[PDB]
>>> print(open('query07.csv').read())   # CSV, C-alpha atoms and all ligand atoms
chain,number,residue,atom,x,y,z
N,1,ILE,CA,83.0,129.8,47.7
N,2,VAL,CA,80.9,132.0,50.1
N,3,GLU,CA,77.1,131.8,49.9
N,4,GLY,CA,77.1,129.2,47.1
N,5,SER,CA,75.5,125.8,46.9
N,6,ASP,CA,76.5,122.3,46.3
N,7,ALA,CA,77.2,121.6,42.6
N,8,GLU,CA,75.1,119.0,40.7
N,9,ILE,CA,76.9,115.9,39.5
N,10,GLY,CA,78.6,116.7,36.2
N,11,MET,CA,77.7,120.4,36.5
N,12,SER,CA,81.3,121.7,35.9
N,13,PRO,CA,83.1,118.8,34.2
N,14,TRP,CA,86.0,121.1,33.3
N,15,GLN,CA,86.7,121.7,37.0
N,16,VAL,CA,90.2,120.8,38.0
N,17,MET,CA,91.8,120.5,41.5
N,18,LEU,CA,95.5,121.4,41.8
N,19,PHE,CA,96.9,119.1,44.4
N,20,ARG,CA,100.1,119.2,46.3
N,21,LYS,CA,101.9,115.8,46.5
N,22,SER,CA,103.6,116.3,49.9
N,23,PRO,CA,101.9,117.2,52.1
N,24,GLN,CA,98.8,116.0,50.2
N,25,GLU,CA,96.6,119.1,50.2
N,26,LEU,CA,94.4,121.3,47.9
N,27,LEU,CA,96.4,124.1,46.3
N,28,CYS,CA,94.0,125.8,43.9
N,29,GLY,CA,91.3,125.3,41.3
N,30,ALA,CA,91.9,125.1,37.5
N,31,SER,CA,90.0,124.2,34.4
N,32,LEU,CA,90.3,121.7,31.5
N,33,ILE,CA,90.6,123.3,28.1
N,34,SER,CA,91.6,120.2,26.0
N,35,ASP,CA,92.7,116.6,26.6
N,36,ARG,CA,96.2,117.8,27.5
N,37,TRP,CA,95.9,121.4,28.8
N,38,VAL,CA,94.8,122.9,32.1
N,39,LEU,CA,94.3,126.6,32.7
N,40,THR,CA,94.8,128.3,36.1
N,41,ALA,CA,96.0,131.5,37.8
N,42,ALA,CA,99.7,132.2,37.8
N,43,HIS,CA,99.6,133.0,41.5
N,44,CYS,CA,98.6,129.3,42.2
N,45,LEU,CA,102.1,128.4,41.0
N,46,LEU,CA,104.2,131.5,41.6
N,47,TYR,CA,103.7,134.0,44.4
N,48,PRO,CA,107.0,135.1,46.0
N,49,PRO,CA,105.4,137.2,48.8
N,50,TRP,CA,104.2,133.9,50.3
N,51,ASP,CA,107.3,131.9,49.4
N,52,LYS,CA,105.3,130.0,46.7
N,53,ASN,CA,107.2,128.7,43.6
N,54,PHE,CA,106.1,125.3,42.5
N,55,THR,CA,107.8,123.0,40.0
N,56,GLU,CA,106.0,120.4,37.8
N,57,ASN,CA,107.0,117.5,40.1
N,58,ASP,CA,105.5,119.2,43.2
N,59,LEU,CA,102.0,118.9,41.8
N,60,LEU,CA,99.2,116.8,40.5
N,61,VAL,CA,95.9,117.7,38.9
N,62,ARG,CA,92.7,115.8,39.8
N,63,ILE,CA,89.9,115.9,37.2
N,64,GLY,CA,86.3,114.8,37.3
N,65,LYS,CA,86.0,115.5,41.1
N,66,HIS,CA,82.9,116.4,43.2
N,67,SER,CA,83.9,115.6,46.8
N,68,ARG,CA,86.6,117.8,48.1
N,69,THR,CA,88.5,115.3,50.2
N,70,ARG,CA,87.5,111.8,49.0
N,71,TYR,CA,89.4,109.7,46.5
N,72,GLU,CA,86.6,109.3,43.9
N,73,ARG,CA,87.5,105.9,42.7
N,74,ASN,CA,86.4,105.1,39.1
N,75,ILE,CA,85.3,108.7,38.5
N,76,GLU,CA,88.2,111.1,39.1
N,77,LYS,CA,91.4,110.9,37.1
N,78,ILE,CA,94.8,112.1,38.4
N,79,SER,CA,97.4,113.4,36.0
N,80,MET,CA,101.0,114.4,36.3
N,81,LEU,CA,102.4,117.7,34.8
N,82,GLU,CA,104.8,117.8,31.9
N,83,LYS,CA,105.3,121.5,32.0
N,84,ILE,CA,104.2,124.8,33.6
N,85,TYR,CA,103.9,128.0,31.6
N,86,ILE,CA,103.4,131.3,33.4
N,87,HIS,CA,102.6,134.5,31.5
N,88,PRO,CA,105.9,136.3,31.0
N,89,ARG,CA,104.3,139.6,32.1
N,90,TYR,CA,102.5,138.3,35.2
N,91,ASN,CA,102.8,141.0,37.8
N,92,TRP,CA,103.1,139.3,41.2
N,93,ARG,CA,104.8,142.4,42.7
N,94,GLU,CA,101.8,144.8,42.6
N,95,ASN,CA,98.3,143.7,41.6
N,96,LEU,CA,98.4,140.2,39.9
N,97,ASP,CA,98.1,141.8,36.5
N,98,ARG,CA,98.0,139.0,33.8
N,99,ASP,CA,97.3,136.3,36.4
N,100,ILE,CA,97.3,133.3,34.1
N,101,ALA,CA,99.2,130.0,33.6
N,102,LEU,CA,98.9,126.9,31.6
N,103,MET,CA,99.9,123.3,32.6
N,104,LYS,CA,100.5,120.6,30.0
N,105,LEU,CA,99.7,117.1,31.2
N,106,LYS,CA,102.1,114.2,30.8
N,107,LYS,CA,99.4,112.2,29.0
N,108,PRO,CA,96.0,113.0,27.6
N,109,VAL,CA,93.0,112.5,29.9
N,110,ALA,CA,90.0,110.4,28.8
N,111,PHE,CA,86.8,112.4,28.6
N,112,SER,CA,83.7,111.0,30.4
N,113,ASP,CA,80.4,112.1,31.9
N,114,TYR,CA,82.5,113.9,34.6
N,115,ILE,CA,85.4,115.1,32.5
N,116,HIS,CA,84.9,117.5,29.6
N,117,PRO,CA,86.6,120.7,28.4
N,118,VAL,CA,85.2,124.2,28.5
N,119,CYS,CA,85.4,126.6,25.6
N,120,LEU,CA,87.6,129.6,25.5
N,121,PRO,CA,85.9,132.8,24.2
N,122,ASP,CA,86.3,134.3,20.8
N,123,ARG,CA,86.4,138.1,20.4
N,124,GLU,CA,82.7,138.3,19.6
N,125,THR,CA,81.5,136.1,22.4
N,126,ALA,CA,83.6,138.2,24.9
N,127,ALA,CA,82.3,141.5,23.5
N,128,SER,CA,78.7,140.2,23.7
N,129,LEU,CA,78.8,138.7,27.1
N,130,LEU,CA,81.3,140.8,29.1
N,131,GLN,CA,78.8,143.4,30.1
N,132,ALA,CA,77.8,144.8,33.5
N,133,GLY,CA,74.9,142.9,35.0
N,134,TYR,CA,75.4,139.8,33.0
N,135,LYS,CA,76.0,136.8,35.3
N,136,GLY,CA,78.6,134.1,35.2
N,137,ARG,CA,79.3,131.2,37.4
N,138,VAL,CA,82.2,130.5,39.8
N,139,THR,CA,83.1,127.1,41.2
N,140,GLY,CA,85.6,125.7,43.7
N,141,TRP,CA,86.4,123.9,46.9
N,142,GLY,CA,87.8,126.9,48.7
N,143,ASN,CA,86.6,128.2,52.1
N,144,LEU,CA,83.0,128.9,52.8
N,145,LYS,CA,83.7,132.2,54.7
N,146,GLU,CA,86.5,134.6,55.3
N,149,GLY,CA,84.6,126.5,57.1
N,150,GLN,CA,85.3,124.1,54.2
N,151,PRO,CA,82.9,122.2,51.9
N,152,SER,CA,82.2,118.5,51.5
N,153,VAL,CA,81.6,118.9,47.7
N,154,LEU,CA,82.3,121.4,44.9
N,155,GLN,CA,80.5,124.7,45.5
N,156,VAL,CA,78.9,127.0,42.8
N,157,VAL,CA,77.7,130.6,42.8
N,158,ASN,CA,76.3,132.8,40.1
N,159,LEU,CA,77.5,136.4,40.2
N,160,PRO,CA,77.0,139.5,38.0
N,161,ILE,CA,79.8,141.3,36.2
N,162,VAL,CA,80.2,144.8,37.7
N,163,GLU,CA,80.7,148.2,35.9
N,164,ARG,CA,84.3,149.0,35.6
N,165,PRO,CA,84.1,152.4,37.5
N,166,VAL,CA,82.4,150.6,40.4
N,167,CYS,CA,85.2,148.0,40.5
N,168,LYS,CA,87.8,150.8,40.5
N,169,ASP,CA,86.0,152.8,43.2
N,170,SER,CA,85.8,149.7,45.5
N,171,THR,CA,89.5,149.4,46.1
N,172,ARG,CA,92.9,151.2,46.3
N,173,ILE,CA,94.5,148.5,44.2
N,174,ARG,CA,95.2,149.5,40.6
N,175,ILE,CA,92.8,147.7,38.2
N,176,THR,CA,93.9,146.9,34.6
N,177,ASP,CA,92.2,145.9,31.4
N,178,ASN,CA,93.4,142.3,32.1
N,179,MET,CA,90.9,142.1,35.0
N,180,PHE,CA,87.2,142.4,35.5
N,181,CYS,CA,85.2,142.2,38.8
N,182,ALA,CA,82.0,140.5,39.7
N,183,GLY,CA,79.7,140.3,42.7
N,184,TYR,CA,76.5,141.9,44.1
N,185,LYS,CA,76.3,145.4,45.4
N,186,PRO,CA,75.3,146.0,49.0
N,187,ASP,CA,71.9,147.3,47.9
N,188,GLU,CA,71.3,144.2,45.8
N,189,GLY,CA,70.6,141.9,48.8
N,190,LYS,CA,72.1,138.8,47.4
N,191,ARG,CA,75.6,137.7,48.3
N,192,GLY,CA,78.5,135.5,47.2
N,193,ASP,CA,82.2,135.5,46.4
N,194,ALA,CA,85.2,133.3,45.8
N,195,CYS,CA,87.5,132.8,48.7
N,196,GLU,CA,90.8,131.2,49.7
N,197,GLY,CA,91.3,128.0,47.8
N,198,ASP,CA,89.1,129.0,44.9
N,199,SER,CA,92.1,130.7,43.2
N,200,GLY,CA,92.7,129.6,39.6
N,201,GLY,CA,89.2,128.2,39.1
N,202,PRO,CA,86.9,129.3,36.3
N,203,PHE,CA,84.3,132.1,35.9
N,204,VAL,CA,82.1,130.7,33.1
N,205,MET,CA,79.1,132.0,31.1
N,206,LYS,CA,76.7,130.0,28.9
N,207,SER,CA,76.4,131.6,25.5
N,208,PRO,CA,72.7,132.2,24.6
N,209,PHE,CA,73.8,132.1,20.9
N,210,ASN,CA,75.2,128.5,20.7
N,211,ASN,CA,74.3,127.1,24.2
N,212,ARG,CA,78.0,126.3,25.0
N,213,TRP,CA,79.9,127.2,28.2
N,214,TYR,CA,82.8,129.6,27.8
N,215,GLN,CA,85.5,130.5,30.4
N,216,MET,CA,85.6,134.2,30.6
N,217,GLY,CA,87.6,134.6,33.8
N,218,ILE,CA,90.0,133.0,36.3
N,219,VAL,CA,89.6,133.5,40.0
N,220,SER,CA,92.4,135.9,40.8
N,221,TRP,CA,92.1,138.2,43.9
N,222,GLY,CA,89.9,140.0,46.4
N,223,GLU,CA,90.1,141.9,49.7
N,224,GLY,CA,88.6,139.4,52.1
N,225,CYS,CA,85.7,137.3,50.9
N,226,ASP,CA,82.1,138.4,50.4
N,227,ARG,CA,82.6,141.8,52.1
N,228,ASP,CA,80.0,144.5,51.5
N,229,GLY,CA,81.2,146.9,48.9
N,230,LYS,CA,84.1,144.7,47.8
N,231,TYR,CA,84.1,142.5,44.6
N,232,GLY,CA,86.1,139.6,43.4
N,233,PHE,CA,88.6,140.1,40.6
N,234,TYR,CA,89.0,137.7,37.7
N,235,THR,CA,91.7,137.4,35.0
N,236,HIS,CA,90.2,138.5,31.6
N,237,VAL,CA,90.8,135.3,29.6
N,238,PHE,CA,90.0,136.7,26.2
N,239,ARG,CA,92.4,139.6,26.6
N,240,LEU,CA,95.2,137.0,27.2
N,241,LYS,CA,94.1,134.5,24.6
N,242,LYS,CA,96.8,135.4,22.1
N,243,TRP,CA,99.4,134.2,24.7
N,244,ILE,CA,97.3,131.0,25.4
N,245,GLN,CA,97.3,130.3,21.7
N,246,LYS,CA,101.0,131.0,21.3
N,247,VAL,CA,101.9,128.6,24.1
N,248,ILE,CA,99.6,125.8,22.8
N,249,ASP,CA,100.6,126.2,19.2
N,250,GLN,CA,104.3,126.0,20.1
N,251,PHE,CA,104.4,123.5,23.0
N,252,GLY,CA,101.6,121.2,22.0
G,2,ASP,CA,91.6,115.8,56.0
G,3,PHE,CA,92.2,114.3,52.6
G,4,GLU,CA,91.8,110.7,51.8
G,5,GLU,CA,95.1,109.1,50.7
G,6,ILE,CA,95.4,108.8,46.9
G,7,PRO,CA,96.8,105.7,45.2
G,8,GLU,CA,100.6,105.4,45.5
G,9,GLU,CA,100.9,105.1,41.7
G,10,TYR,CA,100.3,108.8,41.3
G,11,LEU,CA,103.0,109.8,43.8
G,12,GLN,CA,105.9,107.8,42.3
K,6,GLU,CA,87.7,121.3,20.8
K,7,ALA,CA,84.7,120.8,18.5
K,8,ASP,CA,82.6,119.6,21.5
K,9,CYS,CA,83.8,122.1,24.1
K,10,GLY,CA,81.4,123.6,26.5
K,11,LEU,CA,78.7,120.9,26.0
K,12,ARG,CA,78.3,118.9,29.2
K,13,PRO,CA,77.6,115.2,28.9
K,14,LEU,CA,75.0,115.2,31.7
K,15,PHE,CA,73.3,118.5,30.6
K,16,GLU,CA,73.5,120.0,27.2
K,17,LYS,CA,74.3,116.6,25.5
K,18,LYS,CA,71.1,115.2,27.0
K,19,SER,CA,69.0,118.4,26.7
K,20,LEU,CA,68.8,118.6,30.5
K,21,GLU,CA,69.2,122.0,32.3
K,22,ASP,CA,70.9,122.5,35.6
K,23,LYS,CA,69.0,124.1,38.4
K,24,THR,CA,70.4,127.7,38.1
K,25,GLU,CA,71.5,128.2,34.5
K,26,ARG,CA,68.3,130.0,33.8
K,27,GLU,CA,69.5,132.8,36.2
K,28,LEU,CA,72.4,133.4,33.8
K,29,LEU,CA,70.2,133.5,30.7
K,30,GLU,CA,67.8,135.9,32.3
K,31,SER,CA,70.7,138.3,33.0
K,32,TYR,CA,71.7,138.4,29.3
K,33,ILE,CA,69.4,141.3,28.4
N,301,LIG,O1,94.0,135.4,47.8
N,301,LIG,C1,94.0,135.6,46.6
N,301,LIG,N1,93.1,135.2,45.8
N,301,LIG,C2,91.9,134.5,46.2
N,301,LIG,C3,90.6,135.3,46.1
N,301,LIG,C4,90.0,135.5,44.8
N,301,LIG,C5,88.8,136.2,44.7
N,301,LIG,CL1,88.2,136.5,43.2
N,301,LIG,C6,88.2,136.7,45.9
N,301,LIG,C7,88.8,136.4,47.1
N,301,LIG,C8,90.0,135.8,47.2
N,301,LIG,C9,90.6,135.5,48.6
N,301,LIG,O2,91.3,136.6,49.1
N,301,LIG,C10,95.3,136.2,46.0
N,301,LIG,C11,96.5,135.3,46.1
N,301,LIG,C12,97.7,136.3,46.2
N,301,LIG,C13,97.1,137.4,47.1
N,301,LIG,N2,95.7,137.4,46.8
N,301,LIG,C14,94.8,138.4,47.2
N,301,LIG,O3,93.6,138.3,46.9
N,301,LIG,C15,95.4,139.5,47.9
N,301,LIG,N3,94.3,140.3,48.4
N,301,LIG,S1,94.7,141.7,49.2
N,301,LIG,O4,96.0,141.5,49.8
N,301,LIG,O5,93.6,142.1,50.0
N,301,LIG,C16,94.9,143.0,47.9
N,301,LIG,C17,95.9,142.6,46.8
N,301,LIG,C18,95.5,142.2,45.6
N,301,LIG,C19,96.4,141.7,44.6
N,301,LIG,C20,97.7,141.7,44.9
N,301,LIG,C21,98.2,142.2,46.2
N,301,LIG,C22,97.3,142.6,47.1
N,302,LIG,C1,110.9,130.3,40.6
N,302,LIG,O1,111.7,129.1,40.8
N,302,LIG,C2,112.6,128.8,39.7
N,302,LIG,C3,113.2,127.5,40.0
N,302,LIG,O2,112.7,126.9,41.1
N,302,LIG,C4,113.5,129.9,39.4
N,302,LIG,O3,114.3,129.7,38.3
N,302,LIG,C5,112.8,131.2,39.2
N,302,LIG,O4,113.6,132.3,39.1
N,302,LIG,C6,111.8,131.5,40.4
N,302,LIG,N1,111.1,132.7,40.2
N,302,LIG,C7,111.0,133.7,41.1
N,302,LIG,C8,110.1,134.9,40.7
N,302,LIG,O5,111.5,133.6,42.2
N,303,NA,NA,71.3,130.2,18.4
N,304,NA,NA,81.0,141.9,48.1
>>> encode(input="query07.csv", output="structure tokens")
Amino acid sequence: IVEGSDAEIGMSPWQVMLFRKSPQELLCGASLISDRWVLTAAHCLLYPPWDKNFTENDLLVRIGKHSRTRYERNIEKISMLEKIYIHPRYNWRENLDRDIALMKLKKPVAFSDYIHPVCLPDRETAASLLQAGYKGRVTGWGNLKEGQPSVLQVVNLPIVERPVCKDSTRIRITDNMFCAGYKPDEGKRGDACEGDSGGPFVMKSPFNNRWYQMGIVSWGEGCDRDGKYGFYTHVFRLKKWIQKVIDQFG
Amino acid sequence: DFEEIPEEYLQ
Amino acid sequence: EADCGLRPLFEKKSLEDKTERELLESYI
């Protein structure tokens, strides 16, 4: 996260770290959506241009974390993966269309002050809140500029009008994406960066005072560049697939 | 620069 | 989950975090 700040303790208790077993290293962010299911970006697991194609046994998830590098004894919980599910129409060839994946844990995780699931949006919450100018919150342990944080970083960013997102890039934008970030004339800054992939873009509903995950950190051109924006997977647009997977494999 | 995690998670 | 999106150390205690108001103020 570029131009963010240290998270408060328990500020993002759905935050998940995807961790490689050997060598032991951070791979991506992710989010906890129930006691058995973790949501991430498909490109965190499958990206052939970079020779990336992980299997369940390659990976761990670390839940309840704050420090990036420490083993947070008595706080974090480490879980093994039962199965990975990648969206069948994930487009890694062109523009990361439908950049979404689910991971089912081998055993349910116990909730605590530091571990708690985020909500997924309904159609009405998405229609109300996915509006240009409305801000969400992005969290992760990725790089601080286009270098690395001691603890989880957080930045609040406004959703951007779709024509502005389109006009910022030569990449083809789809309805399964939205973009967020400040404009050059807005003064303020901030973006996701390498290592924040797969983490959540959340919004706090003013109707029921609950946090909803509206986006997944997907792609950008650099980090925090003027006139560029970060692009996020549109979770609600892909929720029917989420539900199908959970209803049939859970 | 990561602290080693318990071996039980790597089995 | 019935309790999703309600953080133990914030919403469940009626405590706010230091920047959530920035989000609320943007929901015009
Ligand atoms: O790095 C990634 N995501 C992390 C991220 C997310 C956000 Cl929201 C902001 C910045 C960053 C850090 O770049 C992904 C992983 C795969 C590649 N990737 C890109 O972003 C590729 N960017 S590009 O080559 O300039 C244009 C392009 C786009 C999509 C598909 C092909 C090409
Ligand atoms: C990813 O790897 C699995 C097995 O490791 C393989 O069956 C699958 O075809 C691979 N996908 C791509 C796009 O290479
Ligand atoms: Na209300
Ligand atoms: Na920018």
>>> closest_atom_pairs(input="query07.csv", of="chain N", to="ligand LIG 302 (chain N)", cutoff="7 Å", atoms="only C-alpha atoms and all ligand atoms", output="CSV")
residue,atom,partner,partner_atom,distance
N:46,CA,N:LIG302,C8,6.9
N:48,CA,N:LIG302,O5,6.1
N:53,CA,N:LIG302,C1,5.0
N:54,CA,N:LIG302,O2,6.9
N:55,CA,N:LIG302,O2,6.4
>>> residues_near_ligand(input="query07.csv", ligand="ligand NA 303 (chain N)", cutoff="12 Å", atoms="only C-alpha atoms and all ligand atoms", output="ChimeraX atom specification")
/N:206-212
>>> write_last_selection(input="query07.csv", atoms="C-alpha atoms", output="CSV table (one decimal), keeping the file's coordinate frame")
chain,number,residue,atom,x,y,z
N,206,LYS,CA,76.7,130.0,28.9
N,207,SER,CA,76.4,131.6,25.5
N,208,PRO,CA,72.7,132.2,24.6
N,209,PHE,CA,73.8,132.1,20.9
N,210,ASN,CA,75.2,128.5,20.7
N,211,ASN,CA,74.3,127.1,24.2
N,212,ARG,CA,78.0,126.3,25.0
>>> residues_around(input="query07.csv", residues="residue 5 (chain G)", least_positions_apart="6", cutoff="10 Å", atoms="only C-alpha atoms", output="VMD selection string")
chain N and resid 24 69 to 71
>>> atom_distance(input="query07.csv", atom1="CA of residue 184 (chain N)", atom2="atom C3 of ligand LIG 301 (chain N)")
15.7 Å
>>> interface_residues(input="query07.csv", of="chain N", to="chain G", cutoff="12 Å", atoms="all atoms listed in the file", output="PyMOL selection string")
chain N and resi 19-26+57-62+67-73+76-81+106+150-152
>>> residues_near_ligand(input="query07.csv", ligand="ligand LIG 301 (chain N)", cutoff="7 Å", atoms="all atoms listed in the file", output="ChimeraX atom specification")
/N:43,47,92,94-96,173,193-199,219-225,232-234
>>> residues_near_ligand(input="query07.csv", ligand="ligand NA 304 (chain N)", cutoff="9 Å", atoms="only C-alpha atoms and all ligand atoms", output="JSON list (two decimals) with C-alpha atoms, in the frame of the given file")
[["chain", "number", "residue", "atom", "x", "y", "z"],
["N", 182, "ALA", "CA", 82.00, 140.50, 39.70],
["N", 183, "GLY", "CA", 79.70, 140.30, 42.70],
["N", 184, "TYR", "CA", 76.50, 141.90, 44.10],
["N", 185, "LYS", "CA", 76.30, 145.40, 45.40],
["N", 186, "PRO", "CA", 75.30, 146.00, 49.00],
["N", 191, "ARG", "CA", 75.60, 137.70, 48.30],
["N", 192, "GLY", "CA", 78.50, 135.50, 47.20],
["N", 193, "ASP", "CA", 82.20, 135.50, 46.40],
["N", 224, "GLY", "CA", 88.60, 139.40, 52.10],
["N", 225, "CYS", "CA", 85.70, 137.30, 50.90],
["N", 226, "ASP", "CA", 82.10, 138.40, 50.40],
["N", 227, "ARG", "CA", 82.60, 141.80, 52.10],
["N", 228, "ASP", "CA", 80.00, 144.50, 51.50],
["N", 229, "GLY", "CA", 81.20, 146.90, 48.90],
["N", 230, "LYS", "CA", 84.10, 144.70, 47.80],
["N", 231, "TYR", "CA", 84.10, 142.50, 44.60],
["N", 232, "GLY", "CA", 86.10, 139.60, 43.40]]
>>> interface_residues(input="query07.csv", of="chain K", to="chain N", cutoff="6 Å", atoms="only C-alpha atoms", output="VMD selection string")
chain K and resid 9 to 11 13 to 14 28 31 to 32
>>> atom_distance(input="query07.csv", atom1="CA of residue 88 (chain N)", atom2="CA of residue 218 (chain N)")
17.1 Å
>>> atom_distance(input="query07.csv", atom1="CA of residue 164 (chain N)", atom2="CA of residue 180 (chain N)")
7.2 Å
>>> build_atoms(input="query07.csv", residues="chain G", atoms="N, CA, C and O atoms", output="PDB file, in the coordinates of the input")
ATOM      1  N   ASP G   2      92.736 116.737  55.882  1.00  0.00           N
ATOM      2  CA  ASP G   2      91.600 115.800  56.000  1.00  0.00           C
ATOM      3  C   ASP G   2      91.335 115.084  54.712  1.00  0.00           C
ATOM      4  O   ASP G   2      90.209 114.650  54.472  1.00  0.00           O
ATOM      5  N   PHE G   3      92.352 114.947  53.866  1.00  0.00           N
ATOM      6  CA  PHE G   3      92.200 114.300  52.600  1.00  0.00           C
ATOM      7  C   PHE G   3      92.428 112.828  52.624  1.00  0.00           C
ATOM      8  O   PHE G   3      93.369 112.360  53.273  1.00  0.00           O
ATOM      9  N   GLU G   4      91.573 112.079  51.942  1.00  0.00           N
ATOM     10  CA  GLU G   4      91.800 110.700  51.800  1.00  0.00           C
ATOM     11  C   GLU G   4      93.044 110.411  50.950  1.00  0.00           C
ATOM     12  O   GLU G   4      93.300 111.110  49.968  1.00  0.00           O
ATOM     13  N   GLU G   5      93.862 109.449  51.380  1.00  0.00           N
ATOM     14  CA  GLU G   5      95.100 109.100  50.700  1.00  0.00           C
ATOM     15  C   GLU G   5      94.756 108.728  49.217  1.00  0.00           C
ATOM     16  O   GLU G   5      93.757 108.052  48.953  1.00  0.00           O
ATOM     17  N   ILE G   6      95.586 109.177  48.278  1.00  0.00           N
ATOM     18  CA  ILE G   6      95.400 108.800  46.900  1.00  0.00           C
ATOM     19  C   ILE G   6      96.281 107.618  46.548  1.00  0.00           C
ATOM     20  O   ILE G   6      97.274 107.374  47.255  1.00  0.00           O
ATOM     21  N   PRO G   7      95.969 106.849  45.506  1.00  0.00           N
ATOM     22  CA  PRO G   7      96.800 105.700  45.200  1.00  0.00           C
ATOM     23  C   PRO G   7      98.261 106.042  45.031  1.00  0.00           C
ATOM     24  O   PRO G   7      98.613 107.107  44.522  1.00  0.00           O
ATOM     25  N   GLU G   8      99.133 105.136  45.489  1.00  0.00           N
ATOM     26  CA  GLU G   8     100.600 105.400  45.500  1.00  0.00           C
ATOM     27  C   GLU G   8     101.108 105.574  44.071  1.00  0.00           C
ATOM     28  O   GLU G   8     102.131 106.232  43.873  1.00  0.00           O
ATOM     29  N   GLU G   9     100.454 104.983  43.082  1.00  0.00           N
ATOM     30  CA  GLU G   9     100.900 105.100  41.700  1.00  0.00           C
ATOM     31  C   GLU G   9     101.065 106.505  41.214  1.00  0.00           C
ATOM     32  O   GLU G   9     101.887 106.801  40.343  1.00  0.00           O
ATOM     33  N   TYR G  10     100.256 107.406  41.766  1.00  0.00           N
ATOM     34  CA  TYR G  10     100.300 108.800  41.300  1.00  0.00           C
ATOM     35  C   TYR G  10     101.376 109.577  42.006  1.00  0.00           C
ATOM     36  O   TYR G  10     101.656 110.712  41.570  1.00  0.00           O
ATOM     37  N   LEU G  11     101.997 109.019  43.043  1.00  0.00           N
ATOM     38  CA  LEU G  11     103.000 109.800  43.800  1.00  0.00           C
ATOM     39  C   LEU G  11     104.425 109.334  43.470  1.00  0.00           C
ATOM     40  O   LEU G  11     105.391 109.934  43.950  1.00  0.00           O
ATOM     41  N   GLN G  12     104.563 108.305  42.639  1.00  0.00           N
ATOM     42  CA  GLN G  12     105.900 107.800  42.300  1.00  0.00           C
ATOM     43  C   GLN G  12     106.666 108.841  41.483  1.00  0.00           C
ATOM     44  O   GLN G  12     106.620 108.857  40.251  1.00  0.00           O
TER      45      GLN G  12
END
